[PDB]
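Just below is one structure, and these are the notes that go with it.
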Amino acid sequence: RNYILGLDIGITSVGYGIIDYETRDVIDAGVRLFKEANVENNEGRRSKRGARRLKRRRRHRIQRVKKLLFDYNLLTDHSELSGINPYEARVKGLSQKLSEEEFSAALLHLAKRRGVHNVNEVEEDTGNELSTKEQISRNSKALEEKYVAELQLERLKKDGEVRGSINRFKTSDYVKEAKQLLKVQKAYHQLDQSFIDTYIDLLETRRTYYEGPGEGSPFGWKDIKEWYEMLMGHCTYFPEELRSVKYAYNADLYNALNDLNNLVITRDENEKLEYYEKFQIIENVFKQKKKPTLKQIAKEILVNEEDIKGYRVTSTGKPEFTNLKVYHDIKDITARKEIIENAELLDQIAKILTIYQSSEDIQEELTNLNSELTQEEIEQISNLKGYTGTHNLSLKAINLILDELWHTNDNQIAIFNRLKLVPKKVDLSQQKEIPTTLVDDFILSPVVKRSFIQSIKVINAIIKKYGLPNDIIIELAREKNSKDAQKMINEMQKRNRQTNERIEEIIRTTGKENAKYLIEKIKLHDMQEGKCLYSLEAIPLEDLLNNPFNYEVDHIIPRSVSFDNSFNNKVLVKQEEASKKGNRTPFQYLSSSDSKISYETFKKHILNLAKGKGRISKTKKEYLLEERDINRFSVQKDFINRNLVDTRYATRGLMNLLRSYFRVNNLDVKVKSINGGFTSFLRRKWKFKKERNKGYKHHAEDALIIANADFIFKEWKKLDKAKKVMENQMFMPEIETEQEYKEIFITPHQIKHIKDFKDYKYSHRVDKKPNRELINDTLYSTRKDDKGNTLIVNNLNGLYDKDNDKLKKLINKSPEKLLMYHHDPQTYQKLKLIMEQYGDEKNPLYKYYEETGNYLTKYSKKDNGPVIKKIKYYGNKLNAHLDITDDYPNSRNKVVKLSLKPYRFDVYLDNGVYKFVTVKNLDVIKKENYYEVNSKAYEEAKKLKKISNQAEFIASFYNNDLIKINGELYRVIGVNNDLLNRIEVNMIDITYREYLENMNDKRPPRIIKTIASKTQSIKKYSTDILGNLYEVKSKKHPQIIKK
RNA sequence: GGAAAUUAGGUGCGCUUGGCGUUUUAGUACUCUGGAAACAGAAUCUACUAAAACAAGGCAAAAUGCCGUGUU
DNA sequence: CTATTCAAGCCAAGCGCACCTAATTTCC
DNA sequence: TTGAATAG
Ligand code: NA
Ligand code: NA
Ligand code: NA
Ligand code: NA
Ligand code: NA
């Protein structure tokens, strides 16, 4: 049957709506659900990847320095340097002699923390911030007479500490100390100039951004040329050709020639510049003046500036003409004709200056050119600035039409069209379905990319199961991500409180309880300063409250063409003004004789109302002062493109992808989009539940509303004009009044089919990806009690924070948990006194320090004890963990990491009893082209679960896999507790959190199921991308994961 | 709507670093014991400094060495 | 078992290219 | 949101 497809593309969801194109009856509707592909996910990976390289290279830097000391025999395996103080050694080495153990440790400490190199350039006024820029500037003034080690030693004696925010210095500052130290220590130890050069190098040398990682990395490159070429784009007309450097000579000549060919001169002779004219212009003002003006070109062609038009212009109004960058950059230092008049050479210099990133590399590459350049010239060209970026065309494209630009008057696009050169496009004829590879090409956000890919896959599945639809209407989220979404919600709620407080203010002042039914009119009243905007006459609030029917909410721009139902297109005016106005703009109405005031008097009031705090909306201003003609089709097109349809870049890209696919394969499918503001208006007037608490079905419900919107536009012949623009087809009946507009769209009783629908499907995206986060980062120390139990040791930092009552609750509930309670009890009593004194306050340590300005100090009979920055306390008993004690030699206690992230769990049926084996991410090992589950770890866990060889393997469960526990179907979150056989799940049509809120249930919003002897039945279900359920069957547990 | 250019702003991918943070051990301080002091012993709580480890781990061999939390 | 509790690495500096938005000129 | 321990 012929149907209409509606799509609600969201951050997390894709809702589809399938309704009959004639019967208007809902065929099917459901939601596809998935994780938000927000940028922070990949950012975490890249951040961790970078962190590993830093730690690796820092270590490798040290090992090389130790190797240097080994080869010069200042360090051995027997040589001990434990009790040596680097700060004491580095200071002593600047003046006196050092031991081979004392001098070596000084060099090692320098090599470890070598400081910054790039920030050091510019000073910054200390705005009391802890930024690197301000800190470097701060230390520089303190190092005006002292070396780094001297300053650190002073801080170590005076403040008792060195490490922290203040320990940020320039690399050159450390190097300046190192040289001085090496200069003093040179005579005492047998070293050469190779030793001092090598160490200083090692101390300061770091890879550049264009050098990248070493030889092995898949993120690396072999040279600067390969590096830049892979990054740069390709030509528009020659896809196989790499783009040209932005500031090549022929590139700017191409730019300049286009400027001259676009010029129009009003004179007796030709209006377009002749060849010889452009030649003279190029030679006399373009190759002579860096920034060509309109006067110079006018003086050259012997006309006035006023006769010249069609030139590019800046925001100021000043004419903009192409600057010959390379020409003037080289001319300013070399005026030789051998170089300047060599276009090919200037091209090559431009390429080298742009591709390579350092003066030294420029010099070498320019020298390899074997041109007529002097070495003094080359070393001078290598310091030129601004050579960055690419041209959108290749040199092949530029050189091809360069003669055409000289001798003709056609610009680049005219010539390319004449030469039958069409921009690169992707063919979709060999495609059996809508591709998903092209998505990342025209996308900007990772969130949108996933939502688009899923949306396409939904469409492909729909057209496979239901056939091709005639109409596809799509809506996209207004938010770019969930963080932006919450921000919108907060702003919404804030405005709601303000308006609600405003209403309560009125009902308490006037006593009129009518105010709660006049919110929109009251909101307009305050926004218009109590004045009818069409008559500029005062609107008494008391009269508005008593007689609201005398004041009408009018639409500024008629919705028949504007399709705007928002607050921005609404004004509170007197009923007379709204009647006389009719279907016109304020401009069209106030210009007529039907009005009481002039448009100019109106325009003045609006502009002053649009300025200042609490001003009118900016969109309201553009509406109230609309001076274009409504009946013009071009004007109507702009309103539809803004308020009715969605013309955002992402939307257009996807919409073009679909239209191009259907066009190429000759498939008669009409694709369109719709603004969310209009669908919200429909949902509002069609009387849907304002509180969206039904769960995921709202996405599918929205899609049905969107699909219904498409149906309305095909039914009415007055909407045929607007419907044609939505489908973007080339080219009449129309909506004439406000009343006609309401009759068409506001049809609550005609959409009862949607609300009665109770057959929604749901599809949750299953995550089977190996090698995600294996474990939490935090390292934990352990202790053993008298019972022989191993206990986890936790830290309690930030004791002096305002809203931190962790210590307060800890002492009140379990004082014995503190390690301070057992060891050093005198300090504990000192803390208890502070705790007992501020029991009313949230954080006793906060209120204490907020008054005395002093912190809690360790007990000392001389009142000189150290400050307490954090407190250790015993946590839970150690169980599931990762033992990494071996990384710490002679450690008295275990050192562990916690939270072993589960990959999946395999359910076994063992002698009428359901059991399962938990597969951890740590248990999945990567190989060259595939991931394998550790067979030793699997059998081990299979033994720790009392699984027998007789047991029957049921199924494996990953995240968002559908599991049916005792007749109840859930979706899998993951293994919550391996030892206790507890897995966490969630509901399918809704979140369990919201499910409890609707039921007003105060229980903790987590569903934990226990797989034990009481467990009766376990079945694995699954869905397609549409949400159609089906049961599965398997023979053995999957061990090989292809990735 | 599309082509090129100028300016301003924005997004992503990738690269290069900085100073922190967690943990162990050692030293010191703090606490306890003895002593006239020196110092020794105990404790490992609190702080400071150094060295080392920091997703499990896998390559690599004198290296500005390399991979391991993303997408599909 | 249910109901409850705890806690989970972080800031700052620079660079390359790709893409997008807005404004301006020409043409297709 | 989620590993996972813990009181009852
Ligand atoms: Na490329
Ligand atoms: Na550059
Ligand atoms: Na008038
Ligand atoms: Na950027
Ligand atoms: Na807890």
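Chain lettering (A, B, ...) mirrors the order of the structure tokens, residue numbering begins at 1 for each chain separately, and ligand numbering begins at 1 in order of display.
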Check your understanding: Do you know which residues are within 12 Å of ligand 1 using only C-alpha atoms (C1' of nucleotides) and all ligand atoms? Can you write them as a list in words?
Key ->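 Within the 12 Å cut-off, the matching residues are residues 225, 226, 227, 228, 229, 230, 231, 232, 233, 234, 235, 239, 240, 241, 242, 243, 244 and 390 of chain A; 17 and 18 of chain C.
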Review point. Residues at most 7 Å from ligand 2, using only C-alpha atoms (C1' of nucleotides) and all ligand atoms? Could they come as a PyMOL selection string?
Key: chain A and resi 353-355+357+386-388
At a cut-off of 12 Å around ligand 5, and using only C-alpha atoms (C1' of nucleotides) and all ligand atoms, what residues come up? Please write them as a short mmCIF file (atom, residue, chain, number, x, y, z; two decimals) with N, CA and C atoms (P, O5', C5', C4', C3', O3' and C1' of nucleotides), in the first residue's frame.
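Result file is result-v9.cif:
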```
data_model
loop_
_atom_site.label_atom_id
_atom_site.label_comp_id
_atom_site.auth_asym_id
_atom_site.auth_seq_id
_atom_site.Cartn_x
_atom_site.Cartn_y
_atom_site.Cartn_z
N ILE A 792 40.53 -2.22 51.29
CA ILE A 792 40.91 -1.16 50.38
C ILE A 792 41.09 0.16 51.13
N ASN A 794 41.07 4.15 51.02
CA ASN A 794 40.59 5.29 50.25
C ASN A 794 41.10 6.62 50.80
N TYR A 874 39.91 3.24 55.82
CA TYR A 874 39.63 1.90 55.30
C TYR A 874 38.30 1.88 54.55
N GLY A 875 38.30 1.26 53.38
CA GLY A 875 37.10 1.14 52.58
C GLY A 875 36.52 -0.26 52.69
N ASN A 876 35.90 -0.72 51.61
CA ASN A 876 35.32 -2.05 51.58
C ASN A 876 36.39 -3.13 51.52
N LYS A 877 36.00 -4.36 51.83
CA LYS A 877 36.91 -5.50 51.76
C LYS A 877 37.23 -5.81 50.30
P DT C 4 16.16 2.11 50.52
"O5'" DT C 4 17.75 2.14 50.68
"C5'" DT C 4 18.35 1.57 51.83
"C4'" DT C 4 19.86 1.54 51.72
"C3'" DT C 4 20.50 2.86 51.30
"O3'" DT C 4 21.14 3.45 52.42
"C1'" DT C 4 21.53 0.95 50.27
P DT C 5 21.67 4.97 52.35
"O5'" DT C 5 23.19 4.81 51.92
"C5'" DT C 5 24.02 3.86 52.58
"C4'" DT C 5 25.32 3.67 51.84
"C3'" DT C 5 25.94 4.95 51.27
"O3'" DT C 5 27.10 5.29 52.02
"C1'" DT C 5 26.08 3.11 49.74
P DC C 6 27.93 6.62 51.68
"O5'" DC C 6 28.99 6.13 50.59
"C5'" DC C 6 29.79 4.99 50.85
"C4'" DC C 6 30.73 4.73 49.69
"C3'" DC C 6 31.33 5.98 49.05
"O3'" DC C 6 32.74 5.89 49.05
"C1'" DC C 6 30.46 4.52 47.39
P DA C 7 33.63 7.20 48.81
"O5'" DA C 7 34.13 7.03 47.31
"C5'" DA C 7 34.60 5.78 46.86
"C4'" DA C 7 34.62 5.72 45.35
"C3'" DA C 7 35.09 7.01 44.66
"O3'" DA C 7 35.92 6.68 43.58
"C1'" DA C 7 33.03 6.37 43.79
P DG D 3 29.98 -1.00 33.94
"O5'" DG D 3 31.10 -1.80 34.77
"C5'" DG D 3 30.72 -2.70 35.81
"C4'" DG D 3 31.74 -2.68 36.94
"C3'" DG D 3 31.75 -3.91 37.84
"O3'" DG D 3 33.05 -4.07 38.41
"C1'" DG D 3 31.02 -2.07 39.09
P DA D 4 33.45 -5.45 39.14
"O5'" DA D 4 32.83 -5.31 40.60
"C5'" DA D 4 33.30 -4.30 41.48
"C4'" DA D 4 32.56 -4.33 42.80
"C3'" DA D 4 31.93 -5.68 43.19
"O3'" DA D 4 32.09 -5.89 44.57
"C1'" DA D 4 30.35 -4.01 43.36
P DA D 5 33.09 -7.01 45.14
"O5'" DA D 5 33.21 -6.61 46.69
"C5'" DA D 5 33.65 -5.31 47.04
"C4'" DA D 5 32.64 -4.58 47.91
"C3'" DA D 5 32.08 -5.38 49.09
"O3'" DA D 5 32.50 -4.78 50.30
"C1'" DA D 5 30.38 -4.12 47.99
P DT D 6 32.39 -5.58 51.68
"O5'" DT D 6 30.97 -5.15 52.27
"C5'" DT D 6 30.68 -3.77 52.45
"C4'" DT D 6 29.29 -3.58 53.03
"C3'" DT D 6 28.84 -4.67 54.01
"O3'" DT D 6 28.23 -4.06 55.12
"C1'" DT D 6 27.22 -4.37 52.35
P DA D 7 28.14 -4.83 56.53
"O5'" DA D 7 26.70 -4.39 57.08
"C5'" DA D 7 26.34 -3.02 57.10
"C4'" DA D 7 24.83 -2.85 57.14
"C3'" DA D 7 24.11 -3.69 58.18
"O3'" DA D 7 23.00 -2.96 58.69
"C1'" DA D 7 23.35 -4.28 56.02
#
```
Point to revise | Which residue of A:191, A:719, A:845, A:130 approaches chain C most closely, using only C-alpha atoms (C1' of nucleotides) | key: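 Nearest to chain C: A:130.
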**Study point:** Who sits within 10 Å of stretch 29-36 of chain B, only C-alpha atoms (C1' of nucleotides), same chain under 4 positions skipped, as a VMD selection string
**Key:** (chain A and resid 823 to 827 858 to 861 864 to 866) or (chain B and resid 40 to 43 45 to 48)
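Within the 7 Å cut-off around residue A:13, using only C-alpha atoms (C1' of nucleotides) and omitting residues fewer than 4 positions from it on the same chain, the listed residues are residues 9, 31, 32, 33 and 34 of chain A.
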Go ahead and dump the residues you just picked, C-alpha atoms, as a tab-separated table (two decimals), in the first residue's frame.
```
chain	number	residue	atom	x	y	z
A	9	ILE	CA	16.08	12.07	13.73
A	31	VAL	CA	12.08	3.84	17.56
A	32	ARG	CA	15.73	3.02	16.93
A	33	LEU	CA	17.83	3.70	20.02
A	34	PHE	CA	21.59	4.14	20.40
```
Considering only C-alpha atoms and all ligand atoms, tabulate each residue of chain A that lies at most 8 Å from ligand 3 along with its nearest interatomic pair and the corresponding distance in Å to one decimal; arrange the rows by chain and ascending residue number and present them as CSV.
```
residue,atom,partner,partner_atom_place_in_ligand_line,distance
A:589,CA,ligand 3,1 (Na),7.4
A:590,CA,ligand 3,1 (Na),4.5
A:591,CA,ligand 3,1 (Na),5.1
A:592,CA,ligand 3,1 (Na),5.2
A:593,CA,ligand 3,1 (Na),4.9
A:594,CA,ligand 3,1 (Na),6.3
A:595,CA,ligand 3,1 (Na),4.1
A:596,CA,ligand 3,1 (Na),5.4
A:597,CA,ligand 3,1 (Na),4.7
A:598,CA,ligand 3,1 (Na),4.4
A:599,CA,ligand 3,1 (Na),6.7
```
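Secondary structure by DSSP on the backbone puts the following residues of stretch 524-678 of chain A in strand (DSSP E): residues 551, 552, 553, 554, 555, 570, 571, 572, 573, 574, 670, 671, 672 and 673 of chain A.
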Environment of ligand 4 within 12 Å, counting only C-alpha atoms (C1' of nucleotides) and all ligand atoms, reported as a PDB file with N, CA and C atoms (P, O5', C5', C4', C3', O3' and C1' of nucleotides), in the first residue's frame:
```pdb
ATOM      1  N   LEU A 444      29.916  17.424  10.226  1.00  0.00           N
ATOM      2  CA  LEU A 444      30.810  18.181  11.095  1.00  0.00           C
ATOM      3  C   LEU A 444      30.843  17.590  12.502  1.00  0.00           C
TER       4      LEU A 444
ATOM      5  P     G B   9      38.440  36.029  14.343  1.00  0.00           P
ATOM      6  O5'   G B   9      37.210  35.040  14.566  1.00  0.00           O
ATOM      7  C5'   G B   9      36.144  35.394  15.434  1.00  0.00           C
ATOM      8  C4'   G B   9      34.926  34.530  15.220  1.00  0.00           C
ATOM      9  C3'   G B   9      35.076  33.048  15.520  1.00  0.00           C
ATOM     10  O3'   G B   9      35.030  32.740  16.901  1.00  0.00           O
ATOM     11  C1'   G B   9      33.972  33.307  13.463  1.00  0.00           C
ATOM     12  P     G B  10      35.833  31.466  17.464  1.00  0.00           P
ATOM     13  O5'   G B  10      35.036  30.214  16.878  1.00  0.00           O
ATOM     14  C5'   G B  10      33.687  29.976  17.255  1.00  0.00           C
ATOM     15  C4'   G B  10      33.026  28.927  16.394  1.00  0.00           C
ATOM     16  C3'   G B  10      33.586  27.519  16.481  1.00  0.00           C
ATOM     17  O3'   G B  10      33.187  26.825  17.647  1.00  0.00           O
ATOM     18  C1'   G B  10      33.201  28.068  14.221  1.00  0.00           C
ATOM     19  P     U B  11      34.149  25.708  18.281  1.00  0.00           P
ATOM     20  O5'   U B  11      33.943  24.445  17.333  1.00  0.00           O
ATOM     21  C5'   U B  11      32.663  23.852  17.185  1.00  0.00           C
ATOM     22  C4'   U B  11      32.661  22.786  16.118  1.00  0.00           C
ATOM     23  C3'   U B  11      33.712  21.697  16.253  1.00  0.00           C
ATOM     24  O3'   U B  11      33.390  20.705  17.210  1.00  0.00           O
ATOM     25  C1'   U B  11      33.691  22.472  14.034  1.00  0.00           C
ATOM     26  P     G B  12      34.565  19.925  17.982  1.00  0.00           P
ATOM     27  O5'   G B  12      35.143  18.920  16.888  1.00  0.00           O
ATOM     28  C5'   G B  12      34.315  17.916  16.317  1.00  0.00           C
ATOM     29  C4'   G B  12      34.968  17.264  15.124  1.00  0.00           C
ATOM     30  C3'   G B  12      36.304  16.585  15.380  1.00  0.00           C
ATOM     31  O3'   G B  12      36.158  15.285  15.926  1.00  0.00           O
ATOM     32  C1'   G B  12      36.464  17.932  13.445  1.00  0.00           C
ATOM     33  P     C B  13      37.313  14.659  16.852  1.00  0.00           P
ATOM     34  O5'   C B  13      38.421  14.181  15.816  1.00  0.00           O
ATOM     35  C5'   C B  13      38.111  13.250  14.790  1.00  0.00           C
ATOM     36  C4'   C B  13      39.204  13.202  13.755  1.00  0.00           C
ATOM     37  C3'   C B  13      40.608  12.999  14.296  1.00  0.00           C
ATOM     38  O3'   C B  13      40.899  11.650  14.609  1.00  0.00           O
ATOM     39  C1'   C B  13      40.627  14.770  12.744  1.00  0.00           C
ATOM     40  P     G B  14      41.816  11.313  15.883  1.00  0.00           P
ATOM     41  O5'   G B  14      43.259  11.837  15.459  1.00  0.00           O
ATOM     42  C5'   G B  14      43.944  11.242  14.368  1.00  0.00           C
ATOM     43  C4'   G B  14      45.135  12.056  13.933  1.00  0.00           C
ATOM     44  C3'   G B  14      46.140  12.423  15.007  1.00  0.00           C
ATOM     45  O3'   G B  14      46.988  11.357  15.388  1.00  0.00           O
ATOM     46  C1'   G B  14      45.710  14.313  13.680  1.00  0.00           C
TER      47        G B  14
ATOM     48  P    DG C  14      48.010  29.125  22.753  1.00  0.00           P
ATOM     49  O5'  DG C  14      48.905  28.306  21.709  1.00  0.00           O
ATOM     50  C5'  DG C  14      50.255  28.692  21.478  1.00  0.00           C
ATOM     51  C4'  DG C  14      50.994  27.643  20.666  1.00  0.00           C
ATOM     52  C3'  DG C  14      50.388  27.321  19.315  1.00  0.00           C
ATOM     53  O3'  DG C  14      50.808  28.275  18.350  1.00  0.00           O
ATOM     54  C1'  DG C  14      51.063  25.324  20.431  1.00  0.00           C
ATOM     55  P    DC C  15      49.918  28.541  17.039  1.00  0.00           P
ATOM     56  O5'  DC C  15      50.143  27.232  16.143  1.00  0.00           O
ATOM     57  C5'  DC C  15      51.430  26.946  15.610  1.00  0.00           C
ATOM     58  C4'  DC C  15      51.432  25.614  14.881  1.00  0.00           C
ATOM     59  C3'  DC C  15      50.354  25.455  13.825  1.00  0.00           C
ATOM     60  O3'  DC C  15      50.793  26.025  12.594  1.00  0.00           O
ATOM     61  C1'  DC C  15      50.507  23.484  15.165  1.00  0.00           C
ATOM     62  P    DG C  16      49.742  26.372  11.429  1.00  0.00           P
ATOM     63  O5'  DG C  16      49.473  24.962  10.720  1.00  0.00           O
ATOM     64  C5'  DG C  16      50.508  24.344   9.964  1.00  0.00           C
ATOM     65  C4'  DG C  16      50.063  22.995   9.429  1.00  0.00           C
ATOM     66  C3'  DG C  16      48.750  23.000   8.670  1.00  0.00           C
ATOM     67  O3'  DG C  16      48.964  23.377   7.313  1.00  0.00           O
ATOM     68  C1'  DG C  16      48.744  21.231  10.229  1.00  0.00           C
ATOM     69  P    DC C  17      47.914  24.342   6.569  1.00  0.00           P
ATOM     70  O5'  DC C  17      46.766  23.349   6.065  1.00  0.00           O
ATOM     71  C5'  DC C  17      47.081  22.288   5.171  1.00  0.00           C
ATOM     72  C4'  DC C  17      46.108  21.137   5.338  1.00  0.00           C
ATOM     73  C3'  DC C  17      44.653  21.480   5.072  1.00  0.00           C
ATOM     74  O3'  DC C  17      44.367  21.380   3.681  1.00  0.00           O
ATOM     75  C1'  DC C  17      44.830  20.250   7.093  1.00  0.00           C
ATOM     76  P    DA C  18      43.052  22.080   3.073  1.00  0.00           P
ATOM     77  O5'  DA C  18      41.840  21.218   3.661  1.00  0.00           O
ATOM     78  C5'  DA C  18      41.642  19.875   3.230  1.00  0.00           C
ATOM     79  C4'  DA C  18      40.469  19.246   3.957  1.00  0.00           C
ATOM     80  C3'  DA C  18      39.194  20.066   3.940  1.00  0.00           C
ATOM     81  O3'  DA C  18      38.475  19.828   2.742  1.00  0.00           O
ATOM     82  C1'  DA C  18      39.618  19.331   6.142  1.00  0.00           C
ATOM     83  P    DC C  19      37.591  21.003   2.097  1.00  0.00           P
ATOM     84  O5'  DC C  19      36.362  21.163   3.115  1.00  0.00           O
ATOM     85  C5'  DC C  19      35.414  20.108   3.251  1.00  0.00           C
ATOM     86  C4'  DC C  19      34.548  20.298   4.486  1.00  0.00           C
ATOM     87  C3'  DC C  19      33.796  21.611   4.558  1.00  0.00           C
ATOM     88  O3'  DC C  19      32.620  21.564   3.767  1.00  0.00           O
ATOM     89  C1'  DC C  19      34.787  21.161   6.650  1.00  0.00           C
ATOM     90  P    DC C  20      32.025  22.922   3.146  1.00  0.00           P
ATOM     91  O5'  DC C  20      31.262  23.603   4.375  1.00  0.00           O
ATOM     92  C5'  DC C  20      30.248  22.879   5.064  1.00  0.00           C
ATOM     93  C4'  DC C  20      29.860  23.573   6.356  1.00  0.00           C
ATOM     94  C3'  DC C  20      29.456  25.023   6.204  1.00  0.00           C
ATOM     95  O3'  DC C  20      28.091  25.107   5.857  1.00  0.00           O
ATOM     96  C1'  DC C  20      30.965  24.796   8.021  1.00  0.00           C
TER      97       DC C  20
END
```
Exercise for review: Taking only C-alpha atoms (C1' of nucleotides) into account, report as a ChimeraX atom specification which residues of chain A lie within 6 Å of chain C.
Suggested key: /A:132,209,231-232,262,310-313
Practice item. Could you please tell me, as a list in words, which residues of chain A have an atom within 8 Å of chain D when using only C-alpha atoms (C1' of nucleotides)? Key: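 In the required form, that comes to residues 876, 877, 899, 900, 901, 976 and 977 of chain A.
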Prev. selection, C-alpha atoms, output as a compact mmCIF listing (two decimals), in the first residue's frame:
```
# COMPACT_ATOMS: atom_id res chain seq x y z
CA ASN A 876 35.32 -2.05 51.58
CA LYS A 877 36.91 -5.50 51.76
CA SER A 899 36.11 -1.98 38.58
CA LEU A 900 36.82 -4.75 36.07
CA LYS A 901 34.76 -3.74 33.04
CA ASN A 976 26.89 -6.08 38.00
CA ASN A 977 28.44 -8.81 40.17
```
Practice item. Do a neighbour search on residue A:606 at 9 Å with only C-alpha atoms (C1' of nucleotides), toss out local chain neighbours closer than 4 positions, and write the hits as a PyMOL selection string. Key: chain A and resi 533+601-602+610-611+616+621+624-625
Point to revise | Residue nearest residue B:24 - candidates B:2, B:49, B:54, B:8, atoms counted: only C-alpha atoms (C1' of nucleotides) | key: B:54
Using only C-alpha atoms (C1' of nucleotides), I'd like a table of the residues in chain B that come within 9 Å of chain A; for each, show the closest atom pair and its distance in Å rounded to one decimal, ordered by chain and ascending number, as a tab-separated table.
```
residue	atom	partner	partner_atom	distance
B:3	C1'	A:413	CA	5.3
B:4	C1'	A:412	CA	6.8
B:5	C1'	A:255	CA	6.3
B:6	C1'	A:320	CA	7.0
B:7	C1'	A:314	CA	7.3
B:11	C1'	A:444	CA	5.9
B:12	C1'	A:444	CA	6.1
B:14	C1'	A:219	CA	7.5
B:15	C1'	A:209	CA	4.8
B:16	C1'	A:209	CA	4.5
B:17	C1'	A:116	CA	7.2
B:18	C1'	A:116	CA	5.4
B:19	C1'	A:168	CA	6.0
B:20	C1'	A:164	CA	6.6
B:22	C1'	A:779	CA	5.4
B:23	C1'	A:779	CA	5.7
B:24	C1'	A:888	CA	5.2
B:25	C1'	A:891	CA	6.9
B:26	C1'	A:82	CA	7.1
B:27	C1'	A:83	CA	6.0
B:29	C1'	A:866	CA	8.4
B:30	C1'	A:865	CA	6.0
B:31	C1'	A:824	CA	6.5
B:43	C1'	A:823	CA	7.9
B:44	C1'	A:823	CA	8.6
B:45	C1'	A:823	CA	4.7
B:46	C1'	A:858	CA	6.0
B:47	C1'	A:866	CA	5.3
B:48	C1'	A:161	CA	6.1
B:49	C1'	A:85	CA	7.6
B:50	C1'	A:85	CA	7.1
B:51	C1'	A:82	CA	7.6
B:52	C1'	A:888	CA	7.7
B:53	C1'	A:887	CA	5.6
B:54	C1'	A:777	CA	7.4
B:55	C1'	A:777	CA	6.1
B:56	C1'	A:922	CA	5.7
B:57	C1'	A:925	CA	8.8
B:58	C1'	A:926	CA	8.7
B:62	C1'	A:64	CA	8.2
B:63	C1'	A:214	CA	8.7
B:64	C1'	A:207	CA	5.7
B:65	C1'	A:214	CA	5.9
B:66	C1'	A:216	CA	4.9
B:67	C1'	A:217	CA	7.3
B:68	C1'	A:771	CA	8.3
B:69	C1'	A:773	CA	4.2
B:70	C1'	A:42	CA	4.4
B:71	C1'	A:42	CA	8.5
```
Review point. Between atom CA of residue A:797 and atom CA of residue A:829, what is the spacing in Å?
Key: 19.3 Å
